[PDB]
């Protein structure tokens, strides 16, 4: 499997380029909506490796079609210039009755017809195959999410960007076994993984913080299912957007290649 790292902040470029030079990562996944105003060639010339796109604040489930189309048209020529390995987005609840959520909410999976319509519209604007990431659930919506993505991916042609750390959070928070995602894991070739924290007032509830090394159950999840994960063209992106130092990322990347060695 190929190992990737997420490029989110402009101040981390020098370290990500060093990771590429030392063959520590095979590609760079990007928060491409953060860099929508810089030249798309300069940013392709910044990484001597393939890149991937990760869209965070499109809000395609709720954004107005006029502003959504303008973003898609801009992202379309970023796709043309850089040819990302995949383009991925989220399924997230951003706004409730006009107020912005600072901790983004898990959408109600009973609203399939609405999500399906907005997904096909957003995937059309991007002009490529879209991958959707799963939520690190806290409430009981984790139990009906695996079949929700399998249905959405079947009817709209989207792929699933499976975050192993997020499903591990869901298993710890609601009991929903990560083995519910087995069929999705054996289909999609692109994955996410990161460390997670705990709710301040409760060490039992887990939250995706992307600020630590990988947990013990997250590593055992990837290890005992290395066959279902590993595939031709398979990729996994280590995410670390907080506490970004070279050495805590170095060990986690080495533990990642230790699970998935070449043939």
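Residue numbers count along the first chain shown, from 1.
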| item | value |
| --- | --- |
| Mean Cα B-factor comparison, 207 to 215 or 45 to 53, giving the higher one as deposited | 207 to 215 |
| Stretch exceeding the other in mean C-alpha B-factor - 246 to 254, 5 to 13 | 246 to 254 |
| Criterion, highest CA B-factor; candidates, 220, 29, 62, 33 | 220 |
| Out of 187, 123, 134, 97, residue topping the C-alpha B-factor column of the entry | 97 |
| Chain thirds of CA B-factor: placement of residue 69 | middle |
| For residue 236, the third of its chain into which the C-alpha B factor falls | lowest |
| Third of the chain, ranked by Cα B-factor, where residue 144 sits | highest |
